[PDB]
>>> print(open('target18.cif').read())   # mmCIF, C-alpha atoms; chains and numbers go by the auth columns
data_my_file
#
loop_
_atom_site.group_PDB
_atom_site.id
_atom_site.type_symbol
_atom_site.label_atom_id
_atom_site.label_comp_id
_atom_site.label_asym_id
_atom_site.label_seq_id
_atom_site.Cartn_x
_atom_site.Cartn_y
_atom_site.Cartn_z
_atom_site.B_iso_or_equiv
_atom_site.auth_seq_id
_atom_site.auth_asym_id
ATOM 1 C CA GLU A 1 169.307 90.686 136.788 0.00 147 B
ATOM 2 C CA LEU A 2 167.399 87.628 138.034 0.00 148 B
ATOM 3 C CA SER A 3 165.679 89.384 140.954 0.00 149 B
ATOM 4 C CA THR A 4 164.230 92.176 138.803 0.00 150 B
ATOM 5 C CA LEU A 5 163.149 89.764 136.052 0.00 151 B
ATOM 6 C CA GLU A 6 161.496 87.473 138.600 0.00 152 B
ATOM 7 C CA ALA A 7 159.709 90.494 140.070 0.00 153 B
ATOM 8 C CA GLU A 8 158.382 91.776 136.736 0.00 154 B
ATOM 9 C CA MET A 9 157.343 88.241 135.780 0.00 155 B
ATOM 10 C CA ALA A 10 155.473 87.875 139.081 0.00 156 B
ATOM 11 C CA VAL A 11 153.671 91.172 138.429 0.00 157 B
ATOM 12 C CA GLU A 12 152.629 89.991 134.960 0.00 158 B
ATOM 13 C CA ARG A 13 151.219 86.759 136.398 0.00 159 B
ATOM 14 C CA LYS A 14 149.363 88.855 138.979 0.00 160 B
ATOM 15 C CA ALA A 15 147.828 90.965 136.205 0.00 161 B
ATOM 16 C CA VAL A 16 146.614 87.843 134.391 0.00 162 B
ATOM 17 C CA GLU A 17 145.077 86.512 137.616 0.00 163 B
ATOM 18 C CA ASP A 18 143.384 89.824 138.470 0.00 164 B
ATOM 19 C CA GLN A 19 141.909 90.098 134.981 0.00 165 B
ATOM 20 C CA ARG A 20 140.705 86.483 135.234 0.00 166 B
ATOM 21 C CA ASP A 21 139.015 87.085 138.585 0.00 167 B
ATOM 22 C CA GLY A 22 137.348 90.268 137.345 0.00 168 B
ATOM 23 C CA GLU A 23 135.986 88.491 134.268 0.00 169 B
ATOM 24 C CA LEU A 24 134.710 85.590 136.369 0.00 170 B
ATOM 25 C CA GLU A 25 133.045 87.946 138.864 0.00 171 B
ATOM 26 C CA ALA A 26 131.336 90.006 136.154 0.00 172 B
ATOM 27 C CA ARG A 27 130.197 86.762 134.524 0.00 173 B
ATOM 28 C CA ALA A 28 128.898 85.457 137.866 0.00 174 B
ATOM 29 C CA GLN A 29 126.860 88.571 138.636 0.00 175 B
ATOM 30 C CA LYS A 30 125.652 88.484 135.027 0.00 176 B
ATOM 31 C CA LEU A 31 124.576 84.843 135.360 0.00 177 B
ATOM 32 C CA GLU A 32 122.663 85.512 138.583 0.00 178 B
ATOM 33 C CA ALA A 33 121.043 88.623 137.090 0.00 179 B
ATOM 34 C CA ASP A 34 120.020 86.772 133.918 0.00 180 B
ATOM 35 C CA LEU A 35 118.548 83.854 135.870 0.00 181 B
ATOM 36 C CA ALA A 36 116.709 86.381 138.048 0.00 182 B
ATOM 37 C CA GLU A 37 115.373 88.069 134.901 0.00 183 B
ATOM 38 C CA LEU A 38 114.193 84.679 133.634 0.00 184 B
ATOM 39 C CA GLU A 39 112.576 83.858 136.988 0.00 185 B
ATOM 40 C CA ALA A 40 110.583 87.112 136.934 0.00 186 B
ATOM 41 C CA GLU A 41 109.188 86.224 133.518 0.00 187 B
ATOM 42 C CA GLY A 42 107.433 82.899 133.109 0.00 188 B
ATOM 43 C CA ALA A 43 110.125 80.290 132.498 0.00 189 B
ATOM 44 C CA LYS A 44 110.589 76.544 132.819 0.00 190 B
ATOM 45 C CA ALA A 45 112.947 75.130 135.427 0.00 191 B
ATOM 46 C CA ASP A 46 114.647 73.157 132.645 0.00 192 B
ATOM 47 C CA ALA A 47 115.150 76.294 130.539 0.00 193 B
ATOM 48 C CA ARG A 48 116.707 78.176 133.460 0.00 194 B
ATOM 49 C CA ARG A 49 118.888 75.113 134.065 0.00 195 B
ATOM 50 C CA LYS A 50 119.996 75.346 130.426 0.00 196 B
ATOM 51 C CA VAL A 51 120.935 78.995 131.016 0.00 197 B
ATOM 52 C CA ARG A 52 122.872 78.129 134.180 0.00 198 B
ATOM 53 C CA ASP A 53 124.697 75.331 132.346 0.00 199 B
ATOM 54 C CA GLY A 54 125.679 77.837 129.665 0.00 200 B
ATOM 55 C CA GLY A 55 126.947 80.332 132.224 0.00 201 B
ATOM 56 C CA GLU A 56 129.013 77.682 133.998 0.00 202 B
ATOM 57 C CA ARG A 57 130.471 76.587 130.656 0.00 203 B
ATOM 58 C CA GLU A 58 131.455 80.180 129.855 0.00 204 B
ATOM 59 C CA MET A 59 133.095 80.638 133.270 0.00 205 B
ATOM 60 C CA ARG A 60 134.951 77.377 132.672 0.00 206 B
ATOM 61 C CA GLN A 61 136.098 78.907 129.378 0.00 207 B
ATOM 62 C CA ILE A 62 137.334 82.103 131.057 0.00 208 B
ATOM 63 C CA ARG A 63 139.243 80.175 133.728 0.00 209 B
ATOM 64 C CA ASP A 64 140.692 77.778 131.146 0.00 210 B
ATOM 65 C CA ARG A 65 141.731 80.673 128.893 0.00 211 B
ATOM 66 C CA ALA A 66 143.491 82.595 131.663 0.00 212 B
ATOM 67 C CA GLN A 67 144.974 79.300 132.854 0.00 213 B
ATOM 68 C CA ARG A 68 146.447 78.715 129.393 0.00 214 B
ATOM 69 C CA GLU A 69 148.000 82.189 129.558 0.00 215 B
ATOM 70 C CA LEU A 70 149.455 81.486 133.014 0.00 216 B
ATOM 71 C CA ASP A 71 150.881 78.158 131.818 0.00 217 B
ATOM 72 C CA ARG A 72 152.440 79.846 128.777 0.00 218 B
ATOM 73 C CA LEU A 73 154.122 82.508 130.918 0.00 219 B
ATOM 74 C CA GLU A 74 155.261 79.786 133.340 0.00 220 B
ATOM 75 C CA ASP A 75 156.836 77.815 130.493 0.00 221 B
ATOM 76 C CA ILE A 76 158.595 80.997 129.348 0.00 222 B
ATOM 77 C CA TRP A 77 160.012 81.663 132.819 0.00 223 B
ATOM 78 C CA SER A 78 161.162 78.067 133.366 0.00 224 B
ATOM 79 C CA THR A 79 162.751 77.926 129.911 0.00 225 B
ATOM 80 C CA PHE A 80 164.623 81.201 130.425 0.00 226 B
ATOM 81 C CA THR A 81 165.830 80.399 133.943 0.00 227 B
ATOM 82 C CA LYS A 82 166.970 76.928 132.842 0.00 228 B
ATOM 83 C CA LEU A 83 168.239 78.201 129.465 0.00 229 B
ATOM 84 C CA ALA A 84 171.537 76.594 128.459 0.00 230 B
ATOM 85 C CA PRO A 85 173.542 76.163 125.251 0.00 231 B
ATOM 86 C CA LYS A 86 172.682 73.182 123.005 0.00 232 B
ATOM 87 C CA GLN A 87 169.033 73.398 124.141 0.00 233 B
ATOM 88 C CA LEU A 88 166.484 73.211 121.322 0.00 234 B
ATOM 89 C CA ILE A 89 163.451 75.498 121.150 0.00 235 B
ATOM 90 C CA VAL A 90 160.879 73.800 118.926 0.00 236 B
ATOM 91 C CA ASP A 91 158.014 76.263 119.442 0.00 237 B
ATOM 92 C CA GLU A 92 158.349 79.392 117.304 0.00 238 B
ATOM 93 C CA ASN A 93 156.173 81.416 119.694 0.00 239 B
ATOM 94 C CA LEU A 94 158.282 80.368 122.687 0.00 240 B
ATOM 95 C CA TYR A 95 161.535 81.399 121.007 0.00 241 B
ATOM 96 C CA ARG A 96 160.025 84.715 119.909 0.00 242 B
ATOM 97 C CA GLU A 97 158.916 85.409 123.483 0.00 243 B
#
>>> encode(input="target18.cif", output="C-alpha coordinates")
Amino acid sequence: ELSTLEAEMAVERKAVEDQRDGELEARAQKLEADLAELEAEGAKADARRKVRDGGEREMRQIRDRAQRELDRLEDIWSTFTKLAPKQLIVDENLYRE
(Lines of atoms letter the chains of each structure in order from A and count residues from 1; the text may use other names and numbers.)
(Lines give C-alpha, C1' and ligand atoms only; values in the text may rest on other atoms or scores of the structure.)
Protein backbone atom coordinates (compact mmCIF):
# COMPACT_ATOMS: atom_id res chain seq x y z
CA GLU A 1 0.00 0.00 0.00
CA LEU A 2 3.03 2.31 0.13
CA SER A 3 2.48 3.90 -3.30
CA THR A 4 -1.12 4.92 -2.57
CA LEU A 5 -0.26 6.20 0.92
CA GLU A 6 2.67 8.20 -0.45
CA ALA A 7 0.36 9.65 -3.10
CA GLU A 8 -2.37 10.70 -0.66
CA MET A 9 0.26 12.13 1.69
CA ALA A 10 1.76 14.14 -1.19
CA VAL A 11 -1.70 15.50 -2.04
CA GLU A 12 -2.24 16.57 1.58
CA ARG A 13 1.09 18.41 1.62
CA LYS A 14 0.07 20.08 -1.65
CA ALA A 15 -3.19 21.25 -0.07
CA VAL A 16 -1.31 22.78 2.87
CA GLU A 17 1.06 24.57 0.49
CA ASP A 18 -1.76 25.87 -1.73
CA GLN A 19 -3.68 27.19 1.28
CA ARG A 20 -0.48 28.83 2.56
CA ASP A 21 0.19 30.55 -0.77
CA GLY A 22 -3.40 31.77 -1.04
CA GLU A 23 -3.28 33.23 2.47
CA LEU A 24 0.05 34.93 1.78
CA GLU A 25 -1.21 36.37 -1.52
CA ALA A 26 -4.42 37.72 0.02
CA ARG A 27 -2.35 39.20 2.85
CA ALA A 28 0.08 40.76 0.35
CA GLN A 29 -2.64 42.42 -1.72
CA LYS A 30 -4.25 43.51 1.56
CA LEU A 31 -0.98 45.04 2.78
CA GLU A 32 -0.45 46.96 -0.46
CA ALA A 33 -4.08 48.13 -0.47
CA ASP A 34 -3.89 49.27 3.16
CA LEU A 35 -0.63 51.15 2.61
CA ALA A 36 -2.20 52.74 -0.48
CA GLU A 37 -5.22 53.75 1.62
CA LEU A 38 -2.86 55.30 4.18
CA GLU A 39 -0.91 57.11 1.46
CA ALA A 40 -4.10 58.69 0.08
CA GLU A 41 -4.93 60.07 3.52
CA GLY A 42 -2.34 62.20 5.26
CA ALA A 43 0.08 59.83 6.98
CA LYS A 44 3.63 59.85 8.30
CA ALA A 45 6.31 57.77 6.59
CA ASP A 46 7.11 56.23 9.98
CA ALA A 47 3.46 55.28 10.57
CA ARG A 48 3.21 53.60 7.16
CA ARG A 49 6.49 51.83 7.96
CA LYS A 50 4.87 50.58 11.18
CA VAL A 51 1.97 49.22 9.12
CA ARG A 52 4.33 47.51 6.66
CA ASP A 53 6.29 45.99 9.55
CA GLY A 54 3.03 44.61 10.94
CA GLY A 55 2.04 43.14 7.59
CA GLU A 56 5.42 41.47 7.16
CA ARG A 57 5.17 40.05 10.68
CA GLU A 58 1.73 38.60 9.90
CA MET A 59 2.98 37.03 6.65
CA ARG A 60 5.88 35.57 8.62
CA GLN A 61 3.25 34.14 10.97
CA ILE A 62 1.26 32.58 8.12
CA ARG A 63 4.36 31.01 6.57
CA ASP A 64 5.59 29.78 9.96
CA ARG A 65 2.17 28.32 10.79
CA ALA A 66 1.84 26.43 7.50
CA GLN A 67 5.49 25.40 7.86
CA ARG A 68 4.73 23.90 11.27
CA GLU A 69 1.88 21.94 9.68
CA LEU A 70 4.16 20.69 6.88
CA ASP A 71 6.82 19.65 9.41
CA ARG A 72 4.21 17.79 11.48
CA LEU A 73 2.94 15.87 8.45
CA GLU A 74 6.55 15.16 7.44
CA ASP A 75 7.31 13.74 10.89
CA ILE A 76 4.19 11.57 10.61
CA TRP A 77 5.24 10.20 7.22
CA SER A 78 8.84 9.52 8.28
CA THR A 79 7.70 7.84 11.50
CA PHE A 80 5.22 5.60 9.69
CA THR A 81 7.58 4.62 6.87
CA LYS A 82 10.37 3.88 9.37
CA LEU A 83 7.96 2.35 11.91
CA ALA A 84 9.38 -0.76 13.58
CA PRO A 85 8.66 -2.80 16.71
CA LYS A 86 10.27 -1.66 19.99
CA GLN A 87 10.10 1.97 18.79
CA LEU A 88 8.76 4.43 21.36
CA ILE A 89 6.25 7.15 20.48
CA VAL A 90 6.51 9.84 23.15
CA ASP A 91 4.16 12.40 21.58
CA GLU A 92 0.49 11.61 22.19
CA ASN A 93 -0.59 13.60 19.12
CA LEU A 94 1.89 11.73 16.90
CA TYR A 95 0.66 8.32 18.05
CA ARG A 96 -2.97 9.38 17.61
CA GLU A 97 -2.22 10.51 14.05
>>> resolve_selection(input="target18.cif", expression="the PyMOL selection byres ((chain B and resi 216) around 12)", output="ChimeraX atom specification")
/B:155-166,209-215,217-223
>>> atom_distance(input="target18.cif", atom1="atom CA of residue 203 of chain B", atom2="atom CA of residue 174 of chain B")
11.5 Å
>>> resolve_selection(input="target18.cif", expression="the PyMOL selection byres ((chain B and resi 180) around 12)", output="list in words")
residues 172, 173, 174, 175, 176, 177, 178, 179, 181, 182, 183, 184, 185, 186, 187, 189, 194, 195, 196, 197, 198, 200 and 201 of chain B
>>> atom_distance(input="target18.cif", atom1="atom CA of residue 167 of chain B", atom2="atom CA of residue 208 of chain B")
9.2 Å
>>> atom_distance(input="target18.cif", atom1="atom CA of residue 170 of chain B", atom2="atom CA of residue 199 of chain B")
14.9 Å
>>> closest_residue(input="target18.cif", among="B:206, B:226, B:193, B:171", to="residue 151 of chain B", atoms="only C-alpha atoms")
B:226
>>> closest_residue(input="target18.cif", among="B:188, B:240, B:232, B:227", to="residue 149 of chain B", atoms="only C-alpha atoms")
B:227
>>> axis_aligned_box(input="target18.cif", around="segment 182-194 of chain B", padding_each_side="3 Å", output="AutoDock Vina command-line options")
--center_x 112.1 --center_y 80.6 --center_z 134.3 --size_x 15.3 --size_y 20.9 --size_z 13.5
>>> closest_residue(input="target18.cif", among="B:169, B:202, B:242, B:224", to="residue 152 of chain B", atoms="all atoms listed in the file")
B:224
